[PDB]
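Read the structure below first, then the notes.
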Amino acid sequence: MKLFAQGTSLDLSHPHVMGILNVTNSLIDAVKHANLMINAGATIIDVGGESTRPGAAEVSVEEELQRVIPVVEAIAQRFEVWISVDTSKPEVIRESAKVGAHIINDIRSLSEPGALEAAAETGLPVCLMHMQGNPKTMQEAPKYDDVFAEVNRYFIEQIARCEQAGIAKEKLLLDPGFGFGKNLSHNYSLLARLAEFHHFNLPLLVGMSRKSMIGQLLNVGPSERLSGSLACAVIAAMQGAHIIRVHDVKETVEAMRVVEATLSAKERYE
Amino acid sequence: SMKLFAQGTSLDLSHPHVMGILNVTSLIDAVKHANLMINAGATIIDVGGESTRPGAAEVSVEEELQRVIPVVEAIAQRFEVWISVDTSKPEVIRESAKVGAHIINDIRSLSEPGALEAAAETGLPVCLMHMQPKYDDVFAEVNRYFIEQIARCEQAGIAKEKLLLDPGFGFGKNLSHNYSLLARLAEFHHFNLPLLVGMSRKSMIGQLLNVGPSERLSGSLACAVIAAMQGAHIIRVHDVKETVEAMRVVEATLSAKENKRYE
Ligand SMILES: Cn1cnc2c(O)nc(N)nc21
Ligand SMILES: Cn1cnc2c(O)nc(N)nc21
């Protein structure tokens, strides 16, 4: 299983670590951080210029372009690492692709007007992440009859949506969207059954690093969540997740080596 | 529904337990380290008074008793935690039980003269660990050993309800063997006995990552989670606080799963 973009490829025969580069002096520091993450073993860098947190304010397209495009450009010309961009905006998708981004990572799954068409035009890999509602209100009262079933149904529908727009399955990744319109028990129900999403025969991406599903479980703040985040990462990767999106790259890469050694000796866990 | 009974209390093995390592190979400092591990969430303390490491200095019966017994006694008097004692000597087994030890943890699986009888006399739970570097099928060999040792114990009057199995990570095993056993750990549940594992800071992490003993936390946590996801009941570690947090995540995950186990 592989992905192709910008004349290179990403081999997903072992779990990859995606380091988070939050860009909400600035350019200089961003590239410094990307370098540290690459040295720590990150093979994808995730650049995001609009907050995806509960209650977040929107960001204008001109400001998002200013935050994201020169960061993506600078990385793509200095390093060989793959680059993903967290954007919902057609114009950021186009301009990011133009300067070398490899993966379109939209928490809104190209729901914005023109996003679907801009994504397809790029020819790039696209991640489809489940979210209930939208970031302004998604965490007010998350509710599911059957969260696994509804997330699974969403993937079926969105895959169809992308295919019809000319984005082939071979370009798609799936992400259950931990924390996005989900309470604590919803998150663990999905993590417990993550392996069952392999039926789509698509790459699985997960992001749990320092999130509330760890915080609310341990009752600690964001800086005390490394051990829980590693446990989540390991649980996901043992079930065959292909990309793990994290803040703490070095520690996560070490954990994935152990997972990889265990998987090699096996005849995936489920 | 798996439980262990000892010294008038019981250990509920419906969820994983973290066992903290207390090295005593003074009494004040041993008690304070035990207090820190309990505060960090360890529910068993493993006390060792002749090191189990390779080529560690052997000690006399009297020395091991002087090292081990006062520590077991002090913990049993001050805390509600369960106590595991690392020993191979009949006399230490006997005296440890007398001052409140809950589990006999013998890396040699009660192989020394007298040890099997002394263990059976105490009525305490007994951990059977595998130790031998080469195997035709390391899992099959470890599985045969367990079959052998379980029988030997049952013959001596130690019922199956008292046994725990440990595959013995790093004990006569190379990198490949260790990960082979880790990968297939869930298959050992066919014995219907508790599984105890210890991978904390060991060579199966160190050689894989090429880092020193103090740099292996992330890898140790990965091993723990992997074992616990497969239904391992007790995890023996140096870093209790972090392991306990990781086990809490594993338990939230298993509670959401139908099988309550990954294989
Ligand atoms: C941008 N972003 C924040 N959290 C995320 C998650 O969990 N997945 C993806 N794909 N993107 C995320
Ligand atoms: C005492 N000791 C050291 N390592 C050990 C391991 O891996 N298992 C058990 N049961 N005891 C151990």
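Lettering and numbering for the structure tokens are positional, with chains as A, B, ... in the shown order, residues counted from 1 in each chain, and ligands counted from 1 in the shown order.
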task: May I ask you to write as a list in words all residues lying at most 8 Å from ligand 1, with only C-alpha atoms and all ligand atoms counted?
output: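 Residues lying within 8 Å of ligand 1: residues 46, 48, 52, 53, 86, 105, 106, 107, 127, 128, 129, 175, 176, 177, 178, 179, 180, 205, 206, 207, 208 and 245 of chain A.
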task: Determine which residues of chain A sit within 10 Å of chain B, taking into account only C-alpha atoms, and present them as a PyMOL selection string.
output: chain A and resi 184-193+213-214+217-218+224-235+238-239+250-270
task: Might you pull out every residue within 12 Å of residue 68 in chain B, with only C-alpha atoms counted and same-chain residues fewer than 3 positions away left off, and present them as a PyMOL selection string?
output: chain B and resi 22-27+30+46-51+59+61-65+71-75+83-87+89+91-97+99-101
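Considering the residues B:105, B:66, B:39, B:111 and counting only C-alpha atoms and all ligand atoms, ligand 2 has its shortest atom-to-atom contact with B:105.
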Let me see if you get this right: every residue at most 9 Å from ligand 2, counting only C-alpha atoms and all ligand atoms, written as a compact mmCIF listing (two decimals) with N, CA, C and O atoms, in the first residue's frame.
# COMPACT_ATOMS: atom_id res chain seq x y z
N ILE B 21 8.98 -2.18 40.71
CA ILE B 21 10.21 -2.87 41.11
C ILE B 21 10.88 -2.12 42.25
O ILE B 21 11.20 -0.94 42.12
N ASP B 46 7.29 -5.57 43.83
CA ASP B 46 8.17 -6.72 43.67
C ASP B 46 9.50 -6.48 44.41
O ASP B 46 10.27 -5.60 44.05
N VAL B 47 9.74 -7.27 45.46
CA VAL B 47 10.92 -7.08 46.29
C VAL B 47 12.00 -8.13 45.98
O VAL B 47 11.74 -9.34 46.08
N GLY B 48 13.19 -7.68 45.61
CA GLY B 48 14.29 -8.60 45.32
C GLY B 48 15.53 -8.38 46.17
O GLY B 48 16.03 -7.26 46.23
N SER B 51 19.97 -10.16 43.39
CA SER B 51 19.62 -9.66 42.07
C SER B 51 19.45 -10.82 41.09
O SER B 51 20.11 -11.85 41.21
N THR B 52 18.54 -10.65 40.15
CA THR B 52 18.25 -11.69 39.19
C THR B 52 19.04 -11.44 37.90
O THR B 52 18.98 -12.23 36.95
N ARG B 53 19.80 -10.35 37.88
CA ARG B 53 20.52 -9.94 36.67
C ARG B 53 21.64 -10.94 36.35
O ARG B 53 21.98 -11.78 37.18
N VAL B 85 7.80 -11.42 46.15
CA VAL B 85 9.18 -11.60 46.58
C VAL B 85 9.97 -12.40 45.54
O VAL B 85 9.57 -13.49 45.13
N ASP B 86 11.07 -11.81 45.08
CA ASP B 86 11.99 -12.48 44.14
C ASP B 86 12.99 -13.32 44.90
O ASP B 86 13.94 -12.76 45.46
N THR B 87 12.80 -14.63 44.93
CA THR B 87 13.77 -15.50 45.58
C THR B 87 13.70 -16.89 45.00
O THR B 87 12.70 -17.28 44.40
N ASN B 105 7.85 -15.04 43.55
CA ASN B 105 8.24 -14.76 42.18
C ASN B 105 9.62 -15.31 41.93
O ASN B 105 10.61 -14.64 42.17
N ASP B 106 9.69 -16.55 41.48
CA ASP B 106 10.99 -17.18 41.31
C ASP B 106 11.36 -17.32 39.85
O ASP B 106 10.70 -18.05 39.10
N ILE B 107 12.40 -16.63 39.46
CA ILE B 107 12.85 -16.67 38.09
C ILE B 107 13.29 -18.09 37.74
O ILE B 107 13.27 -18.47 36.60
N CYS B 127 4.55 -17.50 40.69
CA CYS B 127 4.80 -17.15 39.30
C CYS B 127 5.83 -18.10 38.68
O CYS B 127 6.94 -18.24 39.18
N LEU B 128 5.42 -18.77 37.61
CA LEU B 128 6.30 -19.62 36.81
C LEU B 128 6.88 -18.83 35.64
O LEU B 128 6.13 -18.40 34.75
N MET B 129 8.19 -18.63 35.63
CA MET B 129 8.81 -17.89 34.53
C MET B 129 9.67 -18.79 33.67
O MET B 129 10.33 -19.68 34.20
N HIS B 130 9.64 -18.59 32.35
CA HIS B 130 10.53 -19.34 31.47
C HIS B 130 11.90 -18.70 31.37
O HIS B 130 12.03 -17.49 31.20
N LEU B 164 0.75 -18.33 38.15
CA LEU B 164 0.83 -17.29 37.11
C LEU B 164 1.92 -17.72 36.16
O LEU B 164 2.89 -18.32 36.59
N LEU B 165 1.75 -17.41 34.87
CA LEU B 165 2.77 -17.70 33.87
C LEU B 165 3.46 -16.44 33.39
O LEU B 165 2.82 -15.43 33.15
N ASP B 166 4.78 -16.51 33.27
CA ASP B 166 5.56 -15.43 32.71
C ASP B 166 6.52 -15.97 31.64
O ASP B 166 7.28 -16.88 31.91
N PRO B 167 6.48 -15.40 30.45
CA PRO B 167 7.33 -15.89 29.35
C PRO B 167 8.82 -15.56 29.51
O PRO B 167 9.64 -16.14 28.81
N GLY B 168 9.15 -14.66 30.42
CA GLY B 168 10.54 -14.41 30.77
C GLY B 168 11.28 -13.62 29.70
O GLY B 168 12.27 -14.08 29.12
N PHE B 169 10.80 -12.41 29.43
CA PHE B 169 11.43 -11.60 28.41
C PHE B 169 12.86 -11.30 28.80
O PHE B 169 13.14 -10.94 29.95
N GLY B 170 13.77 -11.49 27.85
CA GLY B 170 15.18 -11.24 28.06
C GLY B 170 15.93 -12.37 28.79
O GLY B 170 17.10 -12.20 29.11
N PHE B 171 15.26 -13.48 29.08
CA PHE B 171 15.91 -14.57 29.83
C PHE B 171 16.23 -15.76 28.93
O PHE B 171 15.42 -16.68 28.76
N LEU B 196 1.93 -12.72 33.56
CA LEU B 196 2.74 -11.67 34.13
C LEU B 196 3.87 -11.44 33.16
O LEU B 196 4.45 -12.40 32.68
N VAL B 197 4.16 -10.18 32.84
CA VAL B 197 5.29 -9.91 31.96
C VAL B 197 6.16 -8.81 32.51
O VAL B 197 5.69 -7.92 33.22
N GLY B 198 7.43 -8.86 32.17
CA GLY B 198 8.35 -7.80 32.52
C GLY B 198 9.23 -7.48 31.33
O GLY B 198 10.03 -8.30 30.90
N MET B 199 9.06 -6.29 30.78
CA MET B 199 9.85 -5.88 29.63
C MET B 199 10.56 -4.57 29.91
O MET B 199 11.42 -4.14 29.14
N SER B 200 10.19 -3.96 31.04
CA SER B 200 10.66 -2.62 31.41
C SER B 200 12.18 -2.43 31.26
O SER B 200 12.98 -3.10 31.94
N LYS B 202 14.37 -3.30 29.18
CA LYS B 202 15.20 -4.45 28.83
C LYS B 202 15.86 -4.33 27.46
O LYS B 202 15.70 -3.33 26.72
N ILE B 235 1.86 -6.16 34.90
CA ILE B 235 3.00 -5.61 34.20
C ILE B 235 4.06 -5.15 35.18
O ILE B 235 3.83 -4.23 35.99
N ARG B 236 5.24 -5.76 35.10
CA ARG B 236 6.33 -5.45 36.02
C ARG B 236 7.23 -4.37 35.43
O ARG B 236 7.81 -4.57 34.37
